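Participant: Chains I and H, in that order, give the protein sequences. Every position in the first sequence, counted from 1, becomes a number in the entry's author numbering once 270 is added. Note that the second sequence covers residues 167 to 319, 530 to 782 in the entry's author numbering. Quick reminder that beta carbons are idealized off the backbone N, C-alpha and C, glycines included.
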Amino acid sequence: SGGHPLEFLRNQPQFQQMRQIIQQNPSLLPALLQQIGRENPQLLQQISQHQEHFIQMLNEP
Amino acid sequence: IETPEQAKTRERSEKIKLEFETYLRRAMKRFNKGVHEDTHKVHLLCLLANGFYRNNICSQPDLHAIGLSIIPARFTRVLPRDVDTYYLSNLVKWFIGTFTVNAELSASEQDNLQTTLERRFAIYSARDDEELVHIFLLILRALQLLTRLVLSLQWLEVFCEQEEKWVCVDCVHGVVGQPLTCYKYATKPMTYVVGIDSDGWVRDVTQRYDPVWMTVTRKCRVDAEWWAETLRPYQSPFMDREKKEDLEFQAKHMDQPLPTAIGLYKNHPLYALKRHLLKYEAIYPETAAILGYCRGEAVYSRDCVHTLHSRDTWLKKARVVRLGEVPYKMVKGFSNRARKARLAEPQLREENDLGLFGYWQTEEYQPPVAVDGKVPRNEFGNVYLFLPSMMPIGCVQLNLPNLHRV
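(1) Report buried or exposed for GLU330/I, applying the criterion of at least 16 other Cβ atoms within 10 angstroms of its Cβ.
(2) Going by Cα to Cα distance, which pick from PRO283/I, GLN312/I and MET288/I is closest to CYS212/H?
(3) How is the beta strand (DSSP E) around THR738/H delimited, first residue to last?
(4) Are there three or more Cβ pairs, one per stretch, closer than 8 Å when the stretch 246 to 258 of chain H is compared with the stretch 222 to 235 of chain H?
(5) Give me whichever residues DSSP pairs with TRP531/H in a beta bridge.
(6) What residues of chain H sit near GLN287/I, judged by a beta carbon separation below 7 Å?
(7) Report the partner residues of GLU657/H according to the DSSP bridge assignment.
(8) Please go through the same chain and pick out, in chain order, the residues whose beta-carbon is closer than 8 Å to the beta-carbon of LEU303/H, but skip the five residues on each side of it.
(9) Taking 8 Å as the cut-off, does the stretch 699 to 717 of chain H touch the stretch 746 to 757 of chain H (at least 3 CB pairs, one atom from each stretch)?
(10) Any beta-carbon of chain H closer than 9 Å to the one on residue 254/I?
(11) Do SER765/H and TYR741/H have their beta-carbon atoms positioned less than 9 Å apart in this structure?
(12) Let me check understanding here. Comparing Cα to Cα, which of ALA604/H, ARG220/H, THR738/H and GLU185/H lies closest to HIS685/H?
(13) Rounding to the nearest angstrom, what Cα-Cα distance links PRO768/H and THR683/H in this structure?
(14) Quick one: using the 10 Å Cβ neighbour count with 16 as the cut-off for buried, is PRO635/H buried or exposed?
(15) Let's see if you can read the secondary structure: which residues bound the alpha helix (DSSP H) around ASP573/H?
(16) Tell me whether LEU640/H sits in a helix, a strand or coil according to DSSP, three-state version.
(17) Between the alpha carbons of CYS547/H and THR282/H, how many angstroms are there, rounded?
(18) Name, please, each residue of chain I whose Cβ falls closer than 8 Å to the Cβ of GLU605/H.
(19) Rounded C-beta distance between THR242/H and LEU309/H? I'm assuming under 8 Å.
(20) Buried or exposed: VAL569/H, going by 16 or more other Cβ atoms within 10 Å of its Cβ?
(21) How far does the beta strand (DSSP E) with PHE733/H in it extend, from its first residue to its last?
(22) Quick one: what's got a C-beta closer than 7 Å to residue 428/H's C-beta in the same chain, skipping five residues either side?
(23) Would a C-beta distance cut-off of 9 Å place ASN728/H and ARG715/H closer than the cut-off?
(24) Would you please verify whether the beta carbon of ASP204/H is less than 9 Å from any beta carbon of chain I?
(25) Quick check on the DSSP output: the alpha helix (DSSP H) that includes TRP260/H runs from which residue to which?
(26) Output needed in chain order: residues of the stretch 202 to 232 of chain H with a Cβ under 8 Å from some Cβ in chain I.
(27) Which one or two residues does DSSP pair with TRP542/H in a beta bridge?
(28) For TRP602/H, go through chain I and note every residue whose CB falls closer than 7 Å to its CB, in chain order.
(29) So with CB distances below 8 Å, who are the chain H contacts of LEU299/I?
(30) Kindly say whether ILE292/I, judged by its beta-carbon, lies nearer than 9 Å to any beta-carbon of chain H.
(31) Against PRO246/H, what residues of chain I qualify as contacts under a CB-to-CB distance less than 8 Å, listed in chain order?
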């Protein structure tokens, strides 16, 4: 299949926590951006393309 | 005082260090620009996610039932297929005179948005404009009316089957069918305007409302491919409706006579001036229709402006310039000493002609056939294999050292 570069972050615990943050609590959403403010070159680099999997992962409860 | 040789070495070192520093500055500026663009895209995605969550909230049957319980029975007797602009105007006028805006209403951080909307319906008071828009959207959806909530990064769009067209509705100011007014009351920078329907499909309706779409907004929006990829999973299956909407948008865009600034015609598909044409660009046909005149300068469609390339360029592009054709365009060329001869004699600077042939003057390339066990060659005893399709038929390329010797 077309293995997306975001596949590894599927089971990443901090990535899962940020996904849960996006899903329910927008008060914690800026804190998610804080992770972006720490170090996230690859995540924002690859977030341009193949966002369907990213959106589905964010919607995952 | 340094010796001249040491001074020259020092100058070389300083120049190299300065060049590397400038390169590092360029790399840093590119990285910062990319990070800023990524952050803007992330913010746009976050706004889209918030809008999707709010729209999914606004699809609850309980809210629709509550809205219908307040709608008078005179409105329910009109079929959704028979909804007209006059009915929409009457409903908006009734809505304004019944629902009032009260900013003094308390904002609880714990209550859900659905509970807030239910309380606003019960008290018939809206905290702000957005809550009023949501209330009117729920009221419209109570009557089984196909309505899109439109946000600019808000109003409504109602699809009339009699017109088969979307009429814009602004509940706060009592505006129906006036996209210009909706653009007027929107946020100052209009770059993206999206209508999300009840089914969840998102349509970029920025073209209908923003007249600056083609002139400044196009140069100020995100990548068209990226936005298309973003909206692709949320494209409605009603392809014909999208096509009709796009045709109406094109018709509205063609209604604009001409922009006020010559600079707006630069690199514009609908404008495409004369002076702005590049080295490979030429108007074809030269008798093309004139879209207008700006400060004495004629306007032609960009489709009439074709990119012309040299004959060998077309050969590289798997195309053959038709034999005996007069070159449509004559431009300067960059070559070996034939090029520098123009510098040697300035009168020859414009004398050297590089024949650019249009796509209308080029046919598809045809690969050669090996003859008598010998590979067909170029004009100079070589075989150009920029594309594998240009390989002679019956010949194979082998990349072996001393193969020529063998």
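Facilitator: Reading it off the structure:
(1) exposed
(2) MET288/I
(3) 738 to 740
(4) no
(5) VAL316/H
(6) Going along chain H, no residue has its Cβ under 7 Å from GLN287/I, so there is no contact; the nearest lies around 17 Å.
(7) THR683/H
(8) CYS224, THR313, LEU315 and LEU532
(9) no
(10) Nothing about residue 254/I can be read from this structure; chain I reaches only from 271 to 331.
(11) yes
(12) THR738/H
(13) 29 Å
(14) buried
(15) Element bounds for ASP573/H: n/a, residue is neither H nor E.
(16) helix
(17) 19 Å
(18) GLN319 and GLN321
(19) 6 Å
(20) buried
(21) 730 to 733
(22) What the structure lacks is residue 428/H: chain H is numbered 319, then 530, with the residues between left out.
(23) yes
(24) yes
(25) 251 to 264
(26) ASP204, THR205, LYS207, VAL208, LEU211, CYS212, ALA215 and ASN216
(27) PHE535/H
(28) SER318
(29) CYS212
(30) yes
(31) Going along chain I, no residue has its Cβ under 8 Å from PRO246/H, so there is no contact; the nearest lies around 31 Å.
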